[PDB]
């Protein structure tokens, strides 16, 4: 719904101005919740007062709605669209590692373009310099044919270290997408549960090998359970390298792995439906666990899971292939 898009768009764009330029997080928040409550409203809104009945929509927002409905525009929006102070902050913000905070400082000093940046790397940190360096490759989509190539290399290396490992390339790729933005891997092993020790080596060991075999080129962060970095498909000669690609790797305890794989597969709206449908049956679902709900209305003790199928079974839904998870 699909009938009030003009107002919500206006709202998310006002939300974004507050975060990037005003750095006023409460106004940003109001704008976001006001947008989402309106996007689930059944009727086409014909005035500010009508909208105000919704919880989260108040005086000021109802006033802008009047203006928008009468002019098709909002002066505050048009004003800031012309102002180059914010167009700059928004552009710099497109570099992985640069947010509203770093963005402000740079433009105050006069730094506004990629060319400007490449002359001022001393004002950047590691992560930010890897962002500047590969700003273009990153902004490129990645052809599924390549994904299937990357997938091989990691899973294959993994099995060779310890056959007991389990590794799963998630995201819209798994759903069957024609392409995507980055590569996301979920990893586990039987020695690692939510009740056992704390082996950090399990991740580290698989990260090193990939570096040894020249698959991982750079690092943005690396801890006991999460890795964020850079990989690139290898080239037959020197001639034409592939674009550099982003890749995260995440270690998960065996008892929580498949709730994980479900979550990071989506779709976002699928997760909405499932979490919904898996509520009325009498359960709760998340990144980690599934619990049964109490007669009074409270969850407790995770049920046992050892496959995707197990989750569908509990909520009396039939398993659905990744393909059919867009909606």
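Residue numbers count along the first chain shown, from 1.
- Between 310 to 318 and 9 to 17, the higher mean Cα B-factor belongs to 310 to 318.
- The stretch 196 to 204 shows the higher mean C-alpha B-factor when 196 to 204 is compared against 243 to 251 in the entry.
- In this entry, the residue among 94, 76, 174, 222 with the greatest C-alpha B factor is 174.
- Residue-level inspection of the entry shows that, of 56, 302, 48, 282, 282 has the top Cα B-factor.
- In the PDB entry, a CA B factor belonging to the lowest third of its chain's modelled residues is recorded for residue 228.
- Placement of the Cα temperature factor of residue 27 within the chain: lowest third of the modelled residues, per the deposited record.
- Split the chain's modelled residues into thirds by C-alpha temperature factor. Residue 188 is in the lowest one.
- Placement of the Cα temperature factor of residue 159 within the chain: highest third of the modelled residues, per the deposited record.
- Remark: residue 86 belongs to the lowest third of its chain, ranked by C-alpha B-factor as recorded.
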